[PDB]
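Visitor: here goes the first bit of my complex:
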Amino acid sequence: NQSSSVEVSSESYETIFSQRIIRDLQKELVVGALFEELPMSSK
């Protein structure tokens, strides 16, 4: 703050650090899993 007669040393004592983690809207996946499986047990 640095305006009173008594203030704090560094901004890290004026700040609240949060572990909350956020992400934006992400693209969707469509053609990844629309076809049907074909299991091969050989080469």
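Guide: Good, I have the coordinates. Numbering: from 1, shown residues only, chains lettered A, B, ... in the order given.
Visitor: which secondary structure element contains residue A:26?
Guide: Using DSSP states H and E, residue A:26 is not contained in any helix or strand.
Visitor: ok, now which ones touch residue A:21?
Guide: By Cβ atoms under 8 Å, 6 or more residues apart in numbering, no residues touch residue A:21. Yep, even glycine has a C-beta here, placed from its N, CA and C like the rest.
Visitor: and it, how far is that from residue A:15?
Guide: 17 Å (Cβ to Cβ, to the nearest Å).
Visitor: and for residue A:31, the neighbour number?
Guide: 6 (other Cβ atoms under 10 Å).
Visitor: repeat for residue A:23
Guide: 5.
Visitor: and residue A:27, how many neighbours does it have?
Guide: Considering only other Cβ under 10 Å, residue A:27 is surrounded by 5 other residues.
Visitor: next: residue A:38.
Guide: Residue A:38: 5 surrounding residues under other Cβ under 10 Å.
Visitor: let's put chain B on the structure above:
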Amino acid sequence: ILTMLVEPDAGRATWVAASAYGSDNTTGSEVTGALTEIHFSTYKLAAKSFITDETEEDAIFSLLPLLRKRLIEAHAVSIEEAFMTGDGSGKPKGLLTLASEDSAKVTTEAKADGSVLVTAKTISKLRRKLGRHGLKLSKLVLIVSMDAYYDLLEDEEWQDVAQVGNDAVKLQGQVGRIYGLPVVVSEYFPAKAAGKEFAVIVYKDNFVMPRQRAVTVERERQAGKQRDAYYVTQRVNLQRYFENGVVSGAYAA
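Guide: Chain B added:
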């Protein structure tokens, strides 16, 4: 200040060749990631008014409730105006300023003089610049100026009943949903002129209101001048998470 963490982007795998089965290249490549952060702040809004202890007697009716109500309503007017189009110098950056500085100011062909009106198709064309967030309709807010609303009321594409269902203008005189977007009229838009915004669409969930203290009223008695000072202060700001979620249309240059 308050800080939150933003998770990084995505990574890619690799297609290993068939000749690398007997070497360490079989296992592929590396995927690295680094976090980031953002911060929020606040701004202070203040106003005051004085009432000498002799004008109270020097009148037939009281004048205090008028003073207090004027204080509160002035405070609300200023905060809403600043949220509309406040700059960044000591005041929150207004929605229109955010849209302009994000290059989301779509310059339409409507004219400020009045040669060309504002059509509903033009309003709906702004949804493109929203990008990925424009696909969903329940998460959007539409706000139009007064003159935009009056030009909407005279749209050739909404007159006939056969053109637009039962909500034809000729039968109602009012316009409700435009292209599925509800219509809200606000009068705090800038003055009507060339290159000025007349409608804005925002992603509602992207914006937050950091706030430290609410509106507080303090009363001080100044016996040295025989007055009754009143003080009203608050600390708010308008902040958003990411750099997207707003689009604004403007008249032609």
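Visitor: since we added chain B, can you redo the neighbour count of residue A:27?
Guide: Residues lying near residue A:27 (other Cβ atoms under 10 Å in any protein chain shown) number 7.
Visitor: for it, list the residues it contacts.
Guide: Residue A:27 is in contact with residue B:132, counting by Cβ atoms under 8 Å, 6 or more residues apart in numbering or on different chains.
Visitor: can you tell me how far residue B:154 sits from residue B:122?
Guide: Relative to residue B:122, and taking Cβ to Cβ, residue B:154 is found at 14 Å.
Visitor: who's more crowded, those two?
Guide: Neighbour count, other Cβ under 10 Å: between residue B:154 and residue B:122, residue B:122 has more, with 20 against 12.
Visitor: ok so the more buried one is a helix residue?
Guide: Yes - membership of residue B:122 in a helix is supported by DSSP: H, G, I helix; E, B strand; the rest coil.
Visitor: interface residues of the stretch 51-200 of chain B facing chain A?
Guide: Contact residues (Cβ under 8 Å from any Cβ of the partner chain) of the stretch 51-200 of chain B with chain A: B:132-133.
Visitor: and the strands in the stretch 51-200 of chain B?
Guide: Counting by DSSP state E, counting those that start in this stretch, residue ranges of the strands within the stretch 51-200 of chain B are B:105-107, B:140-144, B:177-178, B:181-182, B:184-185, B:197-203.
Visitor: pick the most deeply packed of those.
Guide: Per residue and on average, the most neighbours among the strands of the stretch 51-200 of chain B fall to strand B:197-203, with a mean of 24 (mean count of other Cβ atoms under 10 Å in any protein chain shown).
Visitor: report all helices and strands that the following helix or strand past that strand contacts.
Guide: Note on strand B:197-203: by DSSP H and E, the next helix or strand toward the C-terminus is strand B:207-208. Strand B:207-208 is packed against strand B:239-240, with contacts defined by 3 or more Cβ pairs under 8 Å, 6 or more residues apart in numbering or on different chains; DSSP states H and E.
Visitor: name the residues of chain A found near chain B, please.
Guide: Checking chain A against chain B by Cβ under 8 Å from any Cβ, the hits are A:11, A:14-27.
Visitor: which pair of those residues spans the longest distance?
Guide: A:14 and A:27 (38.3 Å; Cβ to Cβ).
Visitor: which residues sit in contact with the closest residue to residue B:173 other than its chain neighbours?
Guide: The shortest distance from residue B:173 to any non-neighbouring residue, by Cβ to Cβ, 6 or more residues apart in numbering or on different chains, is to residue B:153 (7.4 Å). Going by Cβ under 8 Å, 6+ apart, residue B:153 touches B:169, B:173-175.
Visitor: kindly incorporate the sequence below as chain C:
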Amino acid sequence: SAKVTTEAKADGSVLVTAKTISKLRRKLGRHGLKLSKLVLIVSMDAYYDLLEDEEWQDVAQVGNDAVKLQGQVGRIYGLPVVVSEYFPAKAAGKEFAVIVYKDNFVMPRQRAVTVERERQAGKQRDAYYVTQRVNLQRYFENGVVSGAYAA
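Guide: Just below you will find chain C, in place on the chains above:
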């Protein structure tokens, strides 16, 4: 300065159409956003011109209330129509319709309509006197818009 000079001519080259009437609501400003608190008044010639309006002819255009099926015009753009015959004569620059903010107007009055009779025996006459004191005033300086024929 709410007299809107529209395009309808004073002879009959251009008629008076529903769009001209509905466009006046803009000049009402903030008051024009609520239809339930307005009144529209049109003259004889304006009403007869509306009866021939091109945009109220067909069933497809305007619901079931096309002119061809009824022959009279009721609600227009949501505004009920009232016909009055006391407008000035159809001439260049004169008016043919008016929209008023109803609640903005009051009619002050000091005394009702009173009748007094006097007997003048010197002339064998009975004089009858009818008097009243009224006026028409508004609260604030707005709420009325009128459209006029072209110059």
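Visitor: once more for the contacts of residue A:21, now including chain C?
Guide: Per Cβ under 8 Å, 6+ apart, neighbours of residue A:21: B:4-7, B:35.
Visitor: ok but it is inside a helix, no?
Guide: No - under three-state DSSP, residue A:21 sits outside any helix and is assigned strand.
Visitor: one step back: most neighbours among the contacts of residue A:21, which one?
Guide: residue B:4 (17 neighbours).
Visitor: now residue B:6: closest residue in space that isn't a chain neighbour?
Guide: Residue B:6 sits nearest to residue B:36 (Cβ to Cβ, 6+ apart), 4.5 Å away.
Visitor: check the gap between the closest residue to residue B:117 other than its chain neighbours and chain A for me.
Guide: Spatial nearest neighbour of residue B:117, chain neighbours left out: residue B:151 (4.1 Å); criterion: Cβ to Cβ, 6+ apart. Applying Cβ to the nearest Cβ, to the nearest Å, the value for residue B:151 to chain A is 33 Å.
Visitor: circling back: residues near the residue nearest to residue B:6, how many?
Guide: Around residue B:36 there are 9 residues (other Cβ under 10 Å).
Visitor: the one 3 residues further on now?
Guide: Here the count is done by other Cβ under 10 Å, and residue B:39 has 10 residues near it.
Visitor: which residues does it contact?
Guide: B:1-3.
Visitor: just say helix, strand or coil for it.
Guide: Going by three-state DSSP: residue B:39 is strand.
Visitor: residues touching the residue nearest to the spatial centre of chain B, list them.
Guide: By Cα atoms, centre = their mean, chain B has its centre lying nearest to residue B:95, at 3.8 Å. By Cβ under 8 Å, 6+ apart, the contact list for residue B:95 reads B:83-85, B:200, B:202, B:238, B:246, B:248.
Visitor: between these, which sits nearest chain C?
Guide: Comparing the contacts of residue B:95 against chain C with Cβ to the nearest Cβ places residue B:84 closest, at 17.5 Å.
Visitor: the closest one and chain A: what is the separation?
Guide: For residue B:84 relative to chain A (Cβ to the nearest Cβ), the value is 26 Å.
Visitor: mind listing what residue 17 touches?
Guide: Defaulting to chain A. Counted by Cβ under 8 Å, 6+ apart, residue A:17 has contacts residue B:3.
Visitor: that's the other chain; I wanted chain B
Guide: residue B:25.
Visitor: sec struct for it, please.
Guide: coil.
Visitor: now it: how far from residue C:97?
Guide: With Cβ to Cβ as the criterion, residue B:17 and residue C:97 are 84 Å apart.
Visitor: roughly how far does the residue lying closest to residue B:31 once chain neighbours are set aside sit from chain A?
Guide: Of all residues not flanking residue B:31 in the chain, residue B:11 sits nearest, at 3.9 Å (Cβ to Cβ, 6+ apart). For residue B:11, the distance to chain A equals 13 Å [Cβ to the nearest Cβ].
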